[PDB]
Amino acid sequence: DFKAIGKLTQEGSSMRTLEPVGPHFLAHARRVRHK
Amino acid sequence: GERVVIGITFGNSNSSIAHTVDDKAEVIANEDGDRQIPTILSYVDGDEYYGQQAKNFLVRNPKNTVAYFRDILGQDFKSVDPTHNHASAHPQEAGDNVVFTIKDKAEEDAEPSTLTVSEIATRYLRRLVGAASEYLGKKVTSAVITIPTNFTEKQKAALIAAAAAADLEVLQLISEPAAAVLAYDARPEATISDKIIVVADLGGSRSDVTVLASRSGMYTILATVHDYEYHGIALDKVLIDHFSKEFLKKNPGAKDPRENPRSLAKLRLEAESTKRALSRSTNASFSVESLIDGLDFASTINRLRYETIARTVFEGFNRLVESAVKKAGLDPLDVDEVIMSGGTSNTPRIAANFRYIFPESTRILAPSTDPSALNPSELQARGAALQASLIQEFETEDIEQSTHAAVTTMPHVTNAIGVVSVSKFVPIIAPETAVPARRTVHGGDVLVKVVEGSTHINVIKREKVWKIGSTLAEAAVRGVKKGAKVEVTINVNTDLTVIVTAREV
Ligand SMILES: Nc1ncnc2c1ncn2[C@@H]1O[C@H](COP(=O)(O)OP(=O)(O)OP(=O)(O)O)[C@@H](O)[C@H]1O
Ligand SMILES: [Mg+2]
């Protein structure tokens, strides 16, 4: 289907830190250890 | 090899223990029946008392009783404010470490033991876990402990050491605000979503306000504010002063009960106890047996008068929340929920003030402003209990390395991104969302145009508006005509890449 690839403005994302609690973090923590 | 788990909240004034039931998290009460267990330790005739029992001995046994010591672990001696320990055993310097002099031995002629604040924390934690152990019938191996945001790793390691010295295994150290949010989102009634949350932890000796960004059910902390001036102790003073003035008027000539330590200690206990009744009832009694000069004092107060004499402090809380939301670079319009936590959040008036501060959209979670709200005291212990429950299967190297590397690396987008629909801007991925994520919602062809979006405020009074940023990619699907709905899904990537897919009906 129609699918386009766009690039976010390089300054659109600043470095921040997260709270390592909850199932949604722990489930996502699995993906990071894998890669 | 396997473990028993609890959630343990550790405060200067009160501490709680909570276990996990497969369906829901349960706060454990101690053998005194207290779910809110005072962080107090005392010694009488060689017997150790903790919690409520130790709290009572502050009258007849002030010097062998230790309270308000959590904010003293890992602390340089000058950094601590011994204001609150003046009533009880005073802290003392041992070079780098803070120590207390208390008579914990049974023998009268024995010298008083000089114990480190770490050892104090160690003995209390042993009893605390044990009360949970007795309820559960099983020795408790592990727990997760809540912590404030601004205390250093020196304190954290000190806590772990004292917990290790109490043969208790600390899985992770989680933050007191994040525990409160987890305590709500993990419940079945809650629905995870992307919303900006502000947690107001009102305590006894301190109050912490924290602003979070809940995106994809994951919490990222935007700003933090601490204040050691507006708290429950100030409110206790409001009652202590109010009732002390009344005592002298009724009993002329007697000593001011504030000027006698034993009489003042009785006032503090009773002022708090009346304050708690004023959170549950519209009328509460205040009494002290042989307050001073052998005179009983008895009085009452209704909630409305209390709210009047406590108006000054309450407005202090308002400025805390406004400062924190301001510290995040936000407006009260940007706030979706406010999770009220801490022991003072049971005050009904504080919720009412917060309703006035915030728009009608904003959710205020307290037993007096929401049918779905939880007990503000139990939140952190429930948060800890849940977190401890999920971790128990994993191993300590898994927790330690995943903590620092994975949590730091994820960046967050500073602008919202959505499709534009004129004849306006609708957000798809709320701003400050962590990458990578995915979001999707629902007489001619449909034209989807993805753009950046920011939130502004216009004084015309004020309301939230969206200004349209740069266009990322543009897309059109040609043959749907009259259909009412359009499903668009878009995936941001770690490399800042943007991926739109079209198959909407
Ligand atoms: N039902 C209630 N109504 C009003 N105030 C209450 C109620 N329950 C507890 N408090 C007050 O809240 C304070 C304790 O709150 P909490 O137990 O969260 O504090 P803590 O975290 O142990 O102490 P701190 O935050 O100062 O280290 C005390 O001042 C207590 O008097
Ligand atoms: Mg607290």
# chains A, B, ... in the order shown; residues from 1 in each chain; ligands from 1
call {"tool": "interface_residues", "arguments": {"of": "chain A", "to": "chain B", "cutoff": "7 Å", "atoms": "only C-alpha atoms", "output": "compact mmCIF listing (two decimals) with N, CA and C atoms, in the first residue's frame"}}
result
# COMPACT_ATOMS: atom_id res chain seq x y z
N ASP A 1 0.82 -1.20 0.00
CA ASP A 1 0.00 0.00 0.00
C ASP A 1 0.86 1.26 0.00
N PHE A 2 0.23 2.44 0.09
CA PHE A 2 0.97 3.70 0.08
C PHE A 2 1.63 3.88 1.44
N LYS A 3 2.96 3.84 1.47
CA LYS A 3 3.74 3.97 2.69
C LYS A 3 4.93 4.88 2.40
N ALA A 4 5.06 5.96 3.17
CA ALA A 4 6.11 6.95 2.98
C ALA A 4 7.05 6.95 4.18
N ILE A 5 8.31 7.30 3.93
CA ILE A 5 9.37 7.28 4.94
C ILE A 5 9.82 8.71 5.18
N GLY A 6 9.48 9.26 6.35
CA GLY A 6 9.87 10.61 6.70
C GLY A 6 10.90 10.66 7.80
N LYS A 7 11.62 11.78 7.91
CA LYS A 7 12.67 11.95 8.90
C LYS A 7 12.30 13.08 9.85
N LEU A 8 12.34 12.79 11.15
CA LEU A 8 12.07 13.81 12.15
C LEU A 8 13.20 14.83 12.19
N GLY A 12 14.18 17.27 17.12
CA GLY A 12 12.88 16.87 17.62
C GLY A 12 12.92 15.94 18.82
N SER A 13 14.10 15.45 19.19
CA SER A 13 14.23 14.47 20.26
C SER A 13 15.41 14.84 21.15
N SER A 14 15.14 15.09 22.42
CA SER A 14 16.17 15.35 23.41
C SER A 14 16.30 14.16 24.35
N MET A 15 17.50 13.99 24.91
CA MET A 15 17.80 12.81 25.72
C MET A 15 17.17 12.94 27.10
N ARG A 16 16.34 11.96 27.46
CA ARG A 16 15.69 11.93 28.76
C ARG A 16 15.77 10.51 29.32
N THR A 17 15.38 10.37 30.59
CA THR A 17 15.54 9.14 31.34
C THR A 17 14.18 8.67 31.86
N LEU A 18 14.05 7.37 32.07
CA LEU A 18 12.76 6.74 32.33
C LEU A 18 12.72 6.11 33.71
N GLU A 19 11.52 5.70 34.11
CA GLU A 19 11.28 5.10 35.42
C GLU A 19 11.18 3.59 35.28
N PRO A 20 12.14 2.83 35.78
CA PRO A 20 12.17 1.37 35.57
C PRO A 20 11.19 0.61 36.47
N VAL A 21 9.90 0.91 36.32
CA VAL A 21 8.85 0.21 37.04
C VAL A 21 7.75 -0.16 36.05
N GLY A 22 6.87 -1.06 36.49
CA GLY A 22 5.70 -1.41 35.72
C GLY A 22 5.94 -2.51 34.71
N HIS A 24 4.96 -2.63 31.60
CA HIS A 24 5.25 -2.16 30.25
C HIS A 24 6.72 -1.81 30.08
N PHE A 25 7.37 -1.31 31.13
CA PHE A 25 8.82 -1.14 31.07
C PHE A 25 9.52 -2.49 31.06
N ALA A 29 11.93 -3.85 28.45
CA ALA A 29 13.31 -4.15 28.82
C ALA A 29 13.79 -5.44 28.17
N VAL A 32 15.26 -4.57 24.73
CA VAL A 32 16.54 -3.85 24.72
C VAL A 32 17.69 -4.80 25.01
call {"tool": "residues_around", "arguments": {"residues": "residue 115 of chain B", "least_positions_apart": "2", "cutoff": "8 Å", "atoms": "only C-alpha atoms", "output": "mmCIF file with N, CA, C and O atoms, in the first residue's frame"}}
result
data_model
loop_
_atom_site.group_PDB
_atom_site.id
_atom_site.type_symbol
_atom_site.label_atom_id
_atom_site.label_comp_id
_atom_site.auth_asym_id
_atom_site.auth_seq_id
_atom_site.Cartn_x
_atom_site.Cartn_y
_atom_site.Cartn_z
ATOM 1 N N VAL B 99 24.838 9.196 64.888
ATOM 2 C CA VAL B 99 24.602 8.183 65.911
ATOM 3 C C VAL B 99 23.666 8.731 66.980
ATOM 4 O O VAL B 99 23.559 9.941 67.190
ATOM 5 N N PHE B 100 22.979 7.810 67.659
ATOM 6 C CA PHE B 100 22.066 8.129 68.749
ATOM 7 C C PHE B 100 22.526 7.454 70.033
ATOM 8 O O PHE B 100 23.053 6.338 70.003
ATOM 9 N N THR B 101 22.327 8.137 71.161
ATOM 10 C CA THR B 101 22.632 7.605 72.486
ATOM 11 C C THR B 101 21.325 7.244 73.185
ATOM 12 O O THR B 101 20.545 8.132 73.550
ATOM 13 N N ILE B 102 21.087 5.943 73.370
ATOM 14 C CA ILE B 102 19.842 5.446 73.943
ATOM 15 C C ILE B 102 20.139 4.274 74.868
ATOM 16 O O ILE B 102 21.076 3.503 74.644
ATOM 17 N N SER B 113 23.889 2.766 74.843
ATOM 18 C CA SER B 113 24.500 2.336 73.593
ATOM 19 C C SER B 113 24.485 3.469 72.578
ATOM 20 O O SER B 113 23.443 4.086 72.338
ATOM 21 N N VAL B 117 22.841 5.482 62.861
ATOM 22 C CA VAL B 117 21.532 5.617 62.229
ATOM 23 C C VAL B 117 21.264 4.430 61.314
ATOM 24 O O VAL B 117 20.108 4.038 61.107
ATOM 25 N N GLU B 119 22.286 1.277 61.959
ATOM 26 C CA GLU B 119 21.858 0.194 62.837
ATOM 27 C C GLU B 119 20.425 0.409 63.312
ATOM 28 O O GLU B 119 19.660 -0.553 63.443
ATOM 29 N N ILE B 120 20.050 1.664 63.579
ATOM 30 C CA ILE B 120 18.660 1.978 63.908
ATOM 31 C C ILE B 120 17.735 1.498 62.797
ATOM 32 O O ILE B 120 16.771 0.764 63.043
#
call {"tool": "residues_near_ligand", "arguments": {"ligand": "ligand 1", "cutoff": "8 Å", "atoms": "only C-alpha atoms and all ligand atoms", "output": "compact mmCIF listing (two decimals) with N, CA and C atoms, in the first residue's frame"}}
result
# COMPACT_ATOMS: atom_id res chain seq x y z
N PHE B 10 9.05 3.03 53.25
CA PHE B 10 9.90 3.41 54.38
C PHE B 10 9.94 4.94 54.45
N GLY B 11 9.23 5.51 55.43
CA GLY B 11 9.12 6.95 55.59
C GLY B 11 9.68 7.47 56.90
N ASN B 12 9.90 8.79 56.99
CA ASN B 12 10.36 9.35 58.25
C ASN B 12 9.31 9.21 59.34
N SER B 13 8.04 9.29 58.96
CA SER B 13 6.94 9.28 59.92
C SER B 13 6.24 7.93 59.99
N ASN B 14 5.87 7.36 58.84
CA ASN B 14 5.18 6.08 58.80
C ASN B 14 5.80 5.19 57.75
N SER B 15 5.67 3.88 57.96
CA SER B 15 6.10 2.87 57.00
C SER B 15 5.02 1.80 56.89
N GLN B 36 -0.61 1.56 58.58
CA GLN B 36 0.38 2.64 58.59
C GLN B 36 1.18 2.52 59.88
N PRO B 38 4.24 3.49 62.28
CA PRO B 38 5.17 4.61 62.51
C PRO B 38 6.63 4.17 62.49
N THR B 39 7.46 4.97 61.81
CA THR B 39 8.90 4.74 61.76
C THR B 39 9.55 5.23 63.05
N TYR B 68 12.14 9.78 63.03
CA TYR B 68 12.54 10.70 61.96
C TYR B 68 14.01 10.50 61.57
N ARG B 70 14.93 8.32 58.74
CA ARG B 70 15.14 7.89 57.37
C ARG B 70 15.94 8.93 56.58
N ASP B 71 15.62 10.22 56.73
CA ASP B 71 16.33 11.27 56.02
C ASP B 71 17.68 11.55 56.64
N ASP B 201 2.84 13.99 46.78
CA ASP B 201 3.10 13.16 47.96
C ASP B 201 3.21 14.06 49.19
N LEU B 202 2.10 14.21 49.91
CA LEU B 202 2.06 15.00 51.13
C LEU B 202 2.36 14.11 52.33
N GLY B 203 3.46 14.40 53.03
CA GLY B 203 3.90 13.59 54.14
C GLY B 203 3.82 14.31 55.47
N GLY B 204 4.51 13.74 56.46
CA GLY B 204 4.59 14.36 57.77
C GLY B 204 5.63 15.45 57.87
N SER B 205 6.88 15.10 57.61
CA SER B 205 8.00 16.02 57.73
C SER B 205 8.43 16.62 56.40
N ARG B 206 7.78 16.22 55.31
CA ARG B 206 8.18 16.65 53.97
C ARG B 206 7.00 16.47 53.03
N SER B 207 7.05 17.19 51.91
CA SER B 207 6.08 17.03 50.84
C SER B 207 6.83 17.07 49.51
N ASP B 208 6.56 16.09 48.66
CA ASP B 208 7.19 15.99 47.35
C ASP B 208 6.13 16.02 46.27
N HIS B 231 3.55 20.52 55.24
CA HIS B 231 3.44 19.09 55.49
C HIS B 231 2.47 18.88 56.65
N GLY B 232 2.34 17.63 57.09
CA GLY B 232 1.41 17.32 58.17
C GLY B 232 1.83 17.88 59.51
N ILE B 233 3.14 17.98 59.75
CA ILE B 233 3.63 18.51 61.02
C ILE B 233 3.21 19.96 61.20
N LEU B 235 0.50 21.28 59.94
CA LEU B 235 -0.92 21.18 60.29
C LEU B 235 -1.09 20.78 61.75
N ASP B 236 -0.32 19.79 62.22
CA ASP B 236 -0.34 19.43 63.63
C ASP B 236 -0.09 20.64 64.52
N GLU B 272 -2.35 15.29 66.14
CA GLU B 272 -2.37 14.41 64.97
C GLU B 272 -3.62 13.55 64.95
N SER B 273 -3.95 12.94 66.10
CA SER B 273 -5.09 12.03 66.16
C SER B 273 -6.40 12.76 65.84
N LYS B 275 -6.50 15.50 63.90
CA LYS B 275 -6.36 15.78 62.48
C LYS B 275 -6.85 14.62 61.62
N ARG B 276 -6.50 13.39 62.01
CA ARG B 276 -6.93 12.22 61.25
C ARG B 276 -8.45 12.06 61.29
N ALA B 277 -9.05 12.30 62.45
CA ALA B 277 -10.51 12.25 62.55
C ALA B 277 -11.15 13.31 61.66
N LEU B 278 -10.53 14.49 61.58
CA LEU B 278 -11.06 15.56 60.76
C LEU B 278 -10.98 15.24 59.27
N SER B 279 -10.20 14.23 58.88
CA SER B 279 -10.18 13.78 57.50
C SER B 279 -11.33 12.82 57.20
N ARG B 280 -11.79 12.09 58.22
CA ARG B 280 -12.89 11.15 58.08
C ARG B 280 -14.23 11.72 58.51
N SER B 341 -1.13 11.39 46.82
CA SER B 341 -0.49 10.36 47.61
C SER B 341 0.03 10.97 48.91
N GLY B 342 0.46 10.11 49.82
CA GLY B 342 0.95 10.56 51.10
C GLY B 342 -0.16 10.70 52.13
N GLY B 343 0.26 10.75 53.40
CA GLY B 343 -0.70 10.66 54.48
C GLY B 343 -1.58 11.88 54.61
N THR B 344 -1.07 13.05 54.23
CA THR B 344 -1.84 14.28 54.34
C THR B 344 -2.85 14.42 53.20
N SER B 345 -2.69 13.65 52.12
CA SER B 345 -3.63 13.71 51.01
C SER B 345 -5.01 13.18 51.37
N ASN B 346 -5.18 12.55 52.53
CA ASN B 346 -6.53 12.23 53.00
C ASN B 346 -7.32 13.47 53.40
N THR B 347 -6.67 14.62 53.51
CA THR B 347 -7.38 15.84 53.83
C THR B 347 -8.37 16.16 52.71
N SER B 377 -2.56 6.68 51.46
CA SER B 377 -1.45 6.12 52.24
C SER B 377 -0.92 4.82 51.64
call {"tool": "select_by_dssp", "arguments": {"residues": "chain A", "states": "strand (DSSP E or B)", "output": "MDAnalysis selection string"}}
result
chainID A and resid 3:7 13:15 18
call {"tool": "write_last_selection", "arguments": {"atoms": "N, CA, C and O atoms", "output": "PDB file, in the first residue's frame"}}
result
ATOM      1  N   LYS A   3       2.960   3.840   1.467  1.00  0.00           N
ATOM      2  CA  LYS A   3       3.742   3.974   2.692  1.00  0.00           C
ATOM      3  C   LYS A   3       4.932   4.876   2.402  1.00  0.00           C
ATOM      4  O   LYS A   3       5.709   4.597   1.483  1.00  0.00           O
ATOM      5  N   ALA A   4       5.063   5.959   3.168  1.00  0.00           N
ATOM      6  CA  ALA A   4       6.114   6.949   2.980  1.00  0.00           C
ATOM      7  C   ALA A   4       7.053   6.950   4.180  1.00  0.00           C
ATOM      8  O   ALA A   4       6.645   6.655   5.306  1.00  0.00           O
ATOM      9  N   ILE A   5       8.312   7.302   3.930  1.00  0.00           N
ATOM     10  CA  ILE A   5       9.365   7.279   4.940  1.00  0.00           C
ATOM     11  C   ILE A   5       9.817   8.715   5.178  1.00  0.00           C
ATOM     12  O   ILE A   5      10.466   9.323   4.318  1.00  0.00           O
ATOM     13  N   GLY A   6       9.480   9.256   6.346  1.00  0.00           N
ATOM     14  CA  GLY A   6       9.869  10.608   6.697  1.00  0.00           C
ATOM     15  C   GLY A   6      10.904  10.660   7.803  1.00  0.00           C
ATOM     16  O   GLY A   6      11.058   9.697   8.559  1.00  0.00           O
ATOM     17  N   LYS A   7      11.618  11.778   7.910  1.00  0.00           N
ATOM     18  CA  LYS A   7      12.671  11.947   8.902  1.00  0.00           C
ATOM     19  C   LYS A   7      12.305  13.080   9.848  1.00  0.00           C
ATOM     20  O   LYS A   7      11.998  14.192   9.406  1.00  0.00           O
ATOM     21  N   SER A  13      14.100  15.446  19.189  1.00  0.00           N
ATOM     22  CA  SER A  13      14.230  14.469  20.264  1.00  0.00           C
ATOM     23  C   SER A  13      15.413  14.835  21.146  1.00  0.00           C
ATOM     24  O   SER A  13      16.552  14.878  20.672  1.00  0.00           O
ATOM     25  N   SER A  14      15.142  15.085  22.423  1.00  0.00           N
ATOM     26  CA  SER A  14      16.175  15.350  23.412  1.00  0.00           C
ATOM     27  C   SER A  14      16.302  14.160  24.354  1.00  0.00           C
ATOM     28  O   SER A  14      15.344  13.414  24.574  1.00  0.00           O
ATOM     29  N   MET A  15      17.497  13.989  24.912  1.00  0.00           N
ATOM     30  CA  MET A  15      17.804  12.813  25.717  1.00  0.00           C
ATOM     31  C   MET A  15      17.173  12.937  27.099  1.00  0.00           C
ATOM     32  O   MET A  15      17.443  13.898  27.830  1.00  0.00           O
ATOM     33  N   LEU A  18      14.051   7.365  32.066  1.00  0.00           N
ATOM     34  CA  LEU A  18      12.761   6.740  32.326  1.00  0.00           C
ATOM     35  C   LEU A  18      12.723   6.112  33.714  1.00  0.00           C
ATOM     36  O   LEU A  18      13.739   5.995  34.406  1.00  0.00           O
TER      37      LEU A  18
END
call {"tool": "residues_around", "arguments": {"residues": "residue 3 of chain B", "least_positions_apart": "3", "cutoff": "7 Å", "atoms": "only C-alpha atoms", "output": "PDB file with C-alpha atoms, in the first residue's frame"}}
result
ATOM      1  CA  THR B 141      13.211 -13.152  51.715  1.00  0.00           C
ATOM      2  CA  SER B 142      12.819 -10.134  49.435  1.00  0.00           C
ATOM      3  CA  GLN B 392      10.786 -12.078  41.868  1.00  0.00           C
TER       4      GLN B 392
END
call {"tool": "residues_around", "arguments": {"residues": "residue 159 of chain B", "least_positions_apart": "6", "cutoff": "10 Å", "atoms": "only C-alpha atoms", "output": "PyMOL selection string"}}
result
chain B and resi 70+73-74+118+121-122+145+147+153+165+170+173
call {"tool": "write_last_selection", "arguments": {"atoms": "C-alpha atoms", "output": "mmCIF file, in the first residue's frame"}}
result
data_model
loop_
_atom_site.group_PDB
_atom_site.id
_atom_site.type_symbol
_atom_site.label_atom_id
_atom_site.label_comp_id
_atom_site.auth_asym_id
_atom_site.auth_seq_id
_atom_site.Cartn_x
_atom_site.Cartn_y
_atom_site.Cartn_z
ATOM 1 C CA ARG B 70 15.139 7.895 57.366
ATOM 2 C CA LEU B 73 20.900 7.650 56.456
ATOM 3 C CA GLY B 74 23.913 8.360 54.250
ATOM 4 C CA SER B 118 22.176 2.638 59.941
ATOM 5 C CA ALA B 121 17.231 1.447 60.420
ATOM 6 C CA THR B 122 18.470 -2.160 60.579
ATOM 7 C CA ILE B 145 11.557 -0.365 48.789
ATOM 8 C CA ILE B 147 12.632 6.031 47.745
ATOM 9 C CA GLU B 153 23.408 7.016 45.895
ATOM 10 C CA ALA B 165 22.231 -6.126 57.698
ATOM 11 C CA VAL B 170 16.273 -5.633 48.147
ATOM 12 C CA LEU B 173 14.875 0.653 44.632
#
call {"tool": "residues_around", "arguments": {"residues": "segment 92-96 of chain B", "least_positions_apart": "4", "cutoff": "9 Å", "atoms": "only C-alpha atoms", "output": "VMD selection string"}}
result
chain B and resid 75 to 77 100 to 101 114 116
call {"tool": "write_last_selection", "arguments": {"atoms": "N, CA, C and O atoms", "output": "compact mmCIF listing (two decimals), in the first residue's frame"}}
result
# COMPACT_ATOMS: atom_id res chain seq x y z
N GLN B 75 23.72 10.51 55.35
CA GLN B 75 23.74 11.96 55.48
C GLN B 75 24.99 12.44 56.20
O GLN B 75 25.36 11.90 57.24
N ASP B 76 25.64 13.46 55.64
CA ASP B 76 26.61 14.23 56.40
C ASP B 76 25.90 14.92 57.56
O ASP B 76 24.74 15.32 57.46
N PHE B 77 26.62 15.05 58.68
CA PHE B 77 25.97 15.46 59.93
C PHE B 77 25.36 16.85 59.82
O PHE B 77 24.30 17.11 60.41
N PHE B 100 22.98 7.81 67.66
CA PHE B 100 22.07 8.13 68.75
C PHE B 100 22.53 7.45 70.03
O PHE B 100 23.05 6.34 70.00
N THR B 101 22.33 8.14 71.16
CA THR B 101 22.63 7.60 72.49
C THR B 101 21.33 7.24 73.19
O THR B 101 20.54 8.13 73.55
N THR B 114 25.64 3.74 71.98
CA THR B 114 25.75 4.68 70.87
C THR B 114 25.60 3.89 69.58
O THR B 114 26.51 3.16 69.18
N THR B 116 24.59 3.62 65.40
CA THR B 116 24.55 4.33 64.14
C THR B 116 23.12 4.42 63.62
O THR B 116 22.28 3.56 63.90
call {"tool": "atom_distance", "arguments": {"atom1": "atom CA of residue 247 of chain B", "atom2": "atom CA of residue 88 of chain B"}}
result
24.4 Å
call {"tool": "closest_residue", "arguments": {"among": "B:138, B:281, B:326, B:436", "to": "residue 31 of chain A", "atoms": "only C-alpha atoms"}}
result
B:436
call {"tool": "closest_residue", "arguments": {"among": "B:188, B:171, B:242, B:266", "to": "residue 308 of chain B", "atoms": "only C-alpha atoms"}}
result
B:242
call {"tool": "residues_around", "arguments": {"residues": "residue 299 of chain B", "least_positions_apart": "6", "cutoff": "7 Å", "atoms": "only C-alpha atoms", "output": "list in words"}}
result
residues 285, 286 and 287 of chain B
call {"tool": "select_by_dssp", "arguments": {"residues": "segment 246-451 of chain B", "states": "helix (DSSP H, G or I)", "output": "number ranges by chain"}}
result
B: 246-250, 257-259, 261-280, 303-309, 311-327, 332-334, 343-346, 348-357, 379-391, 396-409
call {"tool": "atom_distance", "arguments": {"atom1": "atom CA of residue 360 of chain B", "atom2": "atom CA of residue 189 of chain B"}}
result
21.1 Å
